[PDB]
Amino acid sequence: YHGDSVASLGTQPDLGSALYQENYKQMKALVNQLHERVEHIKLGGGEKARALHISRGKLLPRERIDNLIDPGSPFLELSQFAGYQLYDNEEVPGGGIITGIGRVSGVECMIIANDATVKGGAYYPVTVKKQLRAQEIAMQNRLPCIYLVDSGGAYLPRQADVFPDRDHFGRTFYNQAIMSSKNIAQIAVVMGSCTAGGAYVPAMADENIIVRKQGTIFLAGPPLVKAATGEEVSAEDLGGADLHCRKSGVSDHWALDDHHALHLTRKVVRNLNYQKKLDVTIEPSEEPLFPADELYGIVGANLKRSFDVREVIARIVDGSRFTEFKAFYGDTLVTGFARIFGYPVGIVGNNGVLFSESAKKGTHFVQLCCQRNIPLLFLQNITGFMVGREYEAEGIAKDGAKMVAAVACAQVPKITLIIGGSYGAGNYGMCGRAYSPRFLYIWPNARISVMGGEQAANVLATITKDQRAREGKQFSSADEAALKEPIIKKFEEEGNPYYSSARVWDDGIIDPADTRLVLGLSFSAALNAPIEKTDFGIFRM
Amino acid sequence: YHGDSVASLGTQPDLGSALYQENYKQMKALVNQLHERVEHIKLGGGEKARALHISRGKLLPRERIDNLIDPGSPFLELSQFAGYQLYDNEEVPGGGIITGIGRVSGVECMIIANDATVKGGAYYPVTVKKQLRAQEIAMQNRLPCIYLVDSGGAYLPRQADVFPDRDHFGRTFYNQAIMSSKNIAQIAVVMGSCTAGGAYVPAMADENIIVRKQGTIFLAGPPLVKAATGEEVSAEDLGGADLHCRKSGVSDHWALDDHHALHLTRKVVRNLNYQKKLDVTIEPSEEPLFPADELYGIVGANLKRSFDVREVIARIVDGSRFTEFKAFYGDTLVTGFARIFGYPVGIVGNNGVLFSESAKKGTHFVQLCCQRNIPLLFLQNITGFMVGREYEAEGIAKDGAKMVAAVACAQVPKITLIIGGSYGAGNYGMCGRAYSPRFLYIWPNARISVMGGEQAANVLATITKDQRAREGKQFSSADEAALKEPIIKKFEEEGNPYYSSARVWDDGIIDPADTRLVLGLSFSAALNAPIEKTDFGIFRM
Amino acid sequence: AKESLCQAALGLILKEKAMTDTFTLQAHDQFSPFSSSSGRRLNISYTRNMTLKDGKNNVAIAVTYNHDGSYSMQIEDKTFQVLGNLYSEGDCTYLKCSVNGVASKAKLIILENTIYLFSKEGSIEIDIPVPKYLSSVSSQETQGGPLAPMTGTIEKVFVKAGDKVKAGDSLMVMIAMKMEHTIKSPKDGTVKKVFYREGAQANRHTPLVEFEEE
Ligand SMILES: CC(=O)SCCNC(=O)CCNC(=O)[C@H](O)C(C)(C)COP(=O)(O)OP(=O)(O)OC[C@H]1O[C@@H](n2cnc3c(N)ncnc32)[C@H](O)[C@@H]1OP(=O)(O)O
Ligand SMILES: CC(=O)SCCNC(=O)CCNC(=O)[C@H](O)C(C)(C)COP(=O)(O)OP(=O)(O)OC[C@H]1O[C@@H](n2cnc3c(N)ncnc32)[C@H](O)[C@@H]1OP(=O)(O)O
Ligand SMILES: O=CCCCC[C@@H]1SC[C@@H]2NC(=O)N[C@@H]21
Ligand SMILES: O=CCCCC[C@@H]1SC[C@@H]2NC(=O)N[C@@H]21
């Protein structure tokens, strides 16, 4: 029996209001700017590299991915803004690698492809970080992965950042071994020459496909062999699809053109013999009752103005149906249950500065969801944190610890979205990047940093004032603005969404309009991994 | 998504070719001969025993089996050629017992019935072997079993081969206890008198049904009681359906005629409350693209000529669709994935003399299938084995050991078919009888022995030549053919398919035409047992 | 003509979407957004390019999966604004679609390798490509030349130095050490010459007869 009608969230924002107009204009400006940049990134290494790559007869990586996936299906690229102005003068579109999740032969699987157009497929440090992030996502979600190797090797001028360290290059192979150990499939496809970077990968993978001419599997390149052993020989003699197939046996299959390799890959995936099963109650799904684009006028591009979360929730969940939990108590925070694309979810969001009561409410909600095996989604807009003499007297920090412990010990899949400004230890509290959320995204407006620039400028001013007063020449009235200005500027630069997305702190920058769609895709993939028991540490009263 | 088209195996053999004509004629001759013999076996003990068995009002065993199974359903008799000319002068059709697998009340179950027509239902040594083989098949496949006892007792003139040894008679009861221990059902139905052989069986089984008059359950027969205790009394007083039912309680049900017992058995099977569940992905099945009878002209009745396996595979698998694995490397052996009756299978077959590379390929393939929980099927035509000074220098024996270890440690169901000549240690390598395959069949042409007769004759000639030369009178030029001839003759006699099938080394001799159908039935039954983890020993590099 | 090519190209997607839909129905989860045939990427408009056989000339059609569900295809600098659907009258399915504001209904019978458009005014014939690897021509290109699987005495060769080659004809019969096997001609091209004469022996994976380039 499901005949009871339920109240729906959200209202109709006043379009005629000048505030809505202003917010809309700001959000359009940001979205347009993002779109133009993404176009320029997708062009890749540049026209000349494309001309040469075509001249060899290979297919450009974007074309390869389009042919590989089940046609007419969505594909979810990740961290497209990697390496955006990260290095001093070297243009590295997309980090010289394309990674994503797609549906192939009816089974979700992660695709990782080199981009030989960009810098000959050399592994920049960011490239390794991006690839490892993809692999860990696949393992947690328990998804098969496919590699499309056209890489040369590690970037020589930066060897310290690539080779030695634990999380550095080579950890890739370790993950590969662990994946194959616990039945997660591995497939490697070779389209280009490889020198010790794409040489172990086919040997490391269970299955192997190599194109007849353009594919060569060799541990040491012809220049490396010539320089090291004093002997020169073409990589085909060390590599080659036919040469390796007849005698070496490294290649399990022998393809002629790029299309043939893709088709064979589809056949292998079908033969993989895996079936997905769910363990959560499912229901029919319906669209939210309100248009999504209104969010622009609701949110704007200023962190100062405040927007109620429930408006956004109405714009997202199925049918705009929501059941708030302990609404009156701890109003600064919002929790409740909802359904997205027929899947149950628990929504946690921020309205204002946290207090002790909000922390207690969040802890109780987390326990409930973990007990009932319900996925969790976080919408954090932490304009301020819990600071105050009365607050610390009653151990508001202790309540914050309760947030941290509950979030950390949780085992159900967790997804986080940074709708608004994130600062302070609340990032740790509301399932930050460090707390291993399955995904993480940021809207084009959000700014993330440890503290607002003004706060740090004031704090530094005071500490210098106190110590220099102890030194006899206190921080003078002059230099106050001179000292403050650089701190504000630097914090602004480090808080920019592109700046963080240049590194891999986030999985991607998404416009608000696409939000709903992305979430559904993510949750579907996350459901592949079976749910497990959640065990909690000591709950300090 | 399953829209990609797949290449299909097999071609059209040239019918007009004289070789095809010759091969067809040979195969027809063999099949006709087999059919006539099977007719003569099915007549049973002979007209007079049939007349007497009818006179008592009982139904002949074949009639009983036809009535018992769900009507209009296939039934798979096993080892029909047991005892074929095995003994010196005693005709024992079908080993005096009929065993098989059938579908009753929608549930697969094994039927074992005595044949009181043949030698009063005495247990010849072969009879015990056949019955025990059936029981072990049922336990591995985890199937309920039903007994139709009309036996007198062990054959007195051969008591050494029946009573004492571990695998001898009485082990039946041990298997029965183990089966009932782990919830595998047991049903016993009594139609004839029993003396200590069919006396424990009803007591050993959970359920019991006995016909009113013709059924008597008694541990000691009237002649045994009279000779032993000096007291004579009819077996009805010791047995009897009514007598045992009112007081002894050995009989759980009381039937009037043979039909009534069969009907009650159906009711019990329905009440058994078992449901079959699968754990493998299933797909719609379609017929192979080529007629099966062409195999005759393809194969013939000469071991010298060679036929490519892929022709046979095209004649078997669904839609003649196949995906070869590592085709170019180790070409003498063939492996790949296919689907039969909607079930995934891994095909392993032989084309020629094994080498080291083929062994490595087979080991890798076995690991893959075991990891993905895919059943395995073997088609062995081992004309020759791996022998050679260069081969043994690189440890080709070691690679053969890798074959042995991988096959032995595997836990997925395995089925083997001897399409062609089997010799040497390769029998051990390709899942021989000793390696506990769930089933095993031989075509009418195949010959199995440790070594070809010519090889053994040559080896014996050399060893006698060397030792007698050491003795001063070497193996002369004379007697060479005189010594060779008996060895060739004896090896030919021991290699005959009927000779092996007279014993229980194989589960049956099947014509090539029926091949596909039989396989499907076998695999379906094998799927009842849930799949388990496969653990591998030390992989000697 | 140009619109007709677009109409068929739409039909392939609709059939493919429906068959994509069918496998979803038997699946456990028929509710995921993955089952949607939107073909949408993140922040990018997905485009796939076709090739369809049109009598003598092949035509390349660029299909951009528009954001709203409209369908955009372009052939020789002419763009076409296409929206369509599939509905079945009786047992036969009609294709109803509008191209640049002009709509019509036509029977859509789809064979293995041919496209059928049936209408009152006439019919249109379009042919789908067949991949060369699926065409088994690639199978003959896997091996450059014939190879002898095992070393053995060549009894006799059926083909002379210069001789016509037929499909299925045997190059020679080679018997060795408890094995006779018959070697075939790898390709139908006329033999350049035969490498090994009668009574000779060739090792594993060794050329046997030279063939002219096809
Ligand atoms: C693991 C190791 O340390 S071994 C590393 C040494 N081996 C190599 O990588 C050899 C160079 N790379 C290759 O040739 C690869 O086999 C290929 C075929 C995939 C690259 O193909 P190509 O594009 O023809 O190679 P090419 O040298 O032209 O690469 C283009 C650019 O990438 C750079 N590059 C490519 N690989 C590397 C590398 N491993 N280290 C540093 N730079 C590299 C080159 O400096 C070159 O400079 P440019 O981008 O300013 O023109
Ligand atoms: C397990 C033990 O060792 S207990 C000792 C064995 N006890 C007996 O079986 C005593 C013999 N009993 C019998 O005569 C029969 O088996 C009966 C009465 C139980 C039923 O058998 P029937 O089908 O009626 O056969 P019938 O009694 O007409 O004739 C006996 C035939 O069976 C054979 N036979 C049956 N049981 C045995 C046996 N245990 N040992 C040797 N021969 C036997 C006899 O050789 C005889 O052969 P035939 O077929 O050439 O005539
Ligand atoms: O006169 C000698 C006959 C042997 C009698 C054996 C006795 S009788 C009761 C008991 N049961 C047997 O099987 N043997 C003993
Ligand atoms: O001349 C006849 C002797 C039979 C040879 C059998 C061959 S030799 C190599 C291979 N190993 C075997 O055991 N048998 C075959």
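Residues numbered from 1 in each chain as written, not as in the entry; some residues may be left out. Chains lettered and ligands numbered in written order. Part of a larger assembly, values for the part shown. Heavy atoms only, no water.

- The name given to chain C in the PDB entry is Methylcrotonoyl-CoA carboxylase subunit alpha, mitochondrial, with the source organism recorded as Homo sapiens.
- The title given for this PDB entry is "3-Methylcrotonyl-CoA Carboxylase in MCCD state with Acetyl CoA".

- For chain A, the name recorded in the PDB entry is Methylcrotonoyl-CoA carboxylase beta chain, mitochondrial, with Homo sapiens as its organism.
- As its UniProt record puts it under Catalytic activity, chain A is described as follows: "3-methylbut-2-enoyl-CoA + hydrogencarbonate + ATP = 3-methyl-(2E)-glutaconyl-CoA + ADP + phosphate + H(+)".
- Recorded in UniProt under Subcellular location, the annotation for chain A is "Mitochondrion matrix". (UniProt positions renumbered as here; feature names shortened; annotations may be inferred.)

1. Observations regarding empty space enclosed by the protein
All names here are of chain A.
Here comes step 1: If you add up the space inside the largest cavity, you get close to 110 Å³.
Here comes step 2: Elements with a minimum of two residues in the lining of the largest cavity: strand 3 (107-114), strand 4 (145-149) and helix 5 (171-181).
Here comes step 3: A per-class count over the lining of the largest cavity returns 10 nonpolar, five polar and no charged. (1 Å grid on protein atoms, 1.4 Å probe; cavity = no way out; pocket = protein on both sides within 12 Å on 5 of 7 lines; lining within 4 Å. Points joined across faces, edges and corners; volume = space filled by probe spheres on them. Helix = DSSP H or I, 4+ residues; strand = E, 2+ residues; numbered from the N terminus. Nonpolar A, V, L, I, M, F, W, Y, C, P; charged D, E, K, R; others polar.)

2. With respect to the environment of A:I98
Residues and elements named next belong to chain A.
Here comes step 1: Take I98: it is sitting in strand 2 (residues 97-104).
Here comes step 2: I98 sits 82 residues away from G16 along the chain, and the two C-alpha atoms are 43 Å apart.
Here comes step 3: In contact with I98, not counting residues within four places along its chain, are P61, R62, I65, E77, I111, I112, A113, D115 and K130. (Contact = heavy atoms within 4.5 Å.)

3. Observations concerning the interface of chain A and chain C
Here comes step 1: Tallying the contact residues gives 43 residues for chain A and 29 residues for chain C.
Here comes step 2: Carbon and sulfur atoms supply 60% of the area buried between chain A and chain C, which totals about 3100 Å² over both sides.
Here comes step 3: In this structure, the connection of chain A to chain C is made through two salt bridges.
Here comes step 4: For A:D257, the salt bridge is made with C:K132, and the minimal N-O distance between the two is 2.2 Å.
Here comes step 5: At the boundary of chain A and chain C, one finds seven residue pairs in polar contact. (Buried area = accessible area lost by both parts, 1.4 Å probe. Salt bridge = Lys/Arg side-chain N within 4 Å of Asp/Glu carboxyl O. Polar contact = N/O pair within 3.5 Å; in protein donor to acceptor, adjacent residues only side chain to side chain.)

4. Points about the sheet that holds strand 3 (residues 107-114) of chain B
Sheets are built from strands paired through backbone hydrogen bonds, the pairs being either parallel or antiparallel.
Residue and element names in this part refer to chain B.
Here comes step 1: Across the sheet, which stays open at both edges, the seven strands sit in the order 1-2-3-4-5-7-9 with mixed pairing between neighbours. Edge positions in the sheet fall to strand 1 (76-77) and strand 9 (253-255), since each has one partner strand and no second.
Here comes step 2: Packing of helix 9 (residues 241-248) onto the sheet brings it into contact with strand 7 (207-211) and strand 9, and relative to strand 9 it is tilted by some 160°. (Pairing = 2+ DSSP bridges. Axes fitted to C-alpha atoms, helices over the stretch in contact; angles between N-to-C directions.)

5. Remarks on the pairing of strand 2 (residues 97-104) of chain B
All names here are of chain B.
Here comes step 1: Counting buried residues in strand 2 gives seven out of eight residues, a clear majority hidden from the surface.
Here comes step 2: Relative to strand 2, strand 1 is paired through two bridges, and the arrangement is antiparallel. Pairing of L76 across the sheet is with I101, part of strand 2.
Here comes step 3: The antiparallel hairpin formed by strand 2 and strand 3 contains two residues in its connecting segment, where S105 sits at a positive phi of about 55°. (Buried < 20%, exposed > 50% of the residue type's maximum accessible area, 1.4 Å probe, protein only.)

6. Describing the site of ligand 1
Residues and elements named next belong to chain A.
Here comes step 1: Taken together, 14 residues lie near ligand 1, and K119, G152, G153, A154 and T195 sit nearest.
Here comes step 2: Between ligand 1 and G120, the relevant distance is 3.4 Å, taken from an oxygen atom to a main-chain nitrogen or oxygen of the residue.
Here comes step 3: The backbone of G152 places a nitrogen or oxygen atom 3.4 Å from an oxygen atom of ligand 1.
Here comes step 4: Computed on the free molecule, ligand 1 has an accessible area of 890 Å², of which 56% lies beneath the protein chains in the complex.
Here comes step 5: For the shell around ligand 1, the residue count by class is five nonpolar, six polar and three charged. (Near = heavy atom within 4 Å. Areas by Shrake-Rupley, 256 points an atom, 1.4 Å probe, with all protein chains shown as cover.)

7. A short note on the interface of chain C and chain B
Here comes step 1: In this complex, chain C contributes 15 residues to the contact, which on the side of chain B involves 19 residues.
Here comes step 2: Inspection of the region where chain C meets chain B yields two salt bridges.
Here comes step 3: The salt bridge involving B:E357 is made with C:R204; its shortest N-O contact spans 3.2 Å.
Here comes step 4: Summed over the shared surface of chain C and chain B, the result is four residue pairs in polar contact.
Here comes step 5: Sorting elements by how many residues they give to the side of chain C that touches chain B places helix 1 (residues 2-26) of chain C first, with four residues.
Here comes step 6: Classifying every residue of the side of chain C that touches chain B by side-chain character gives six nonpolar, five polar and four charged.

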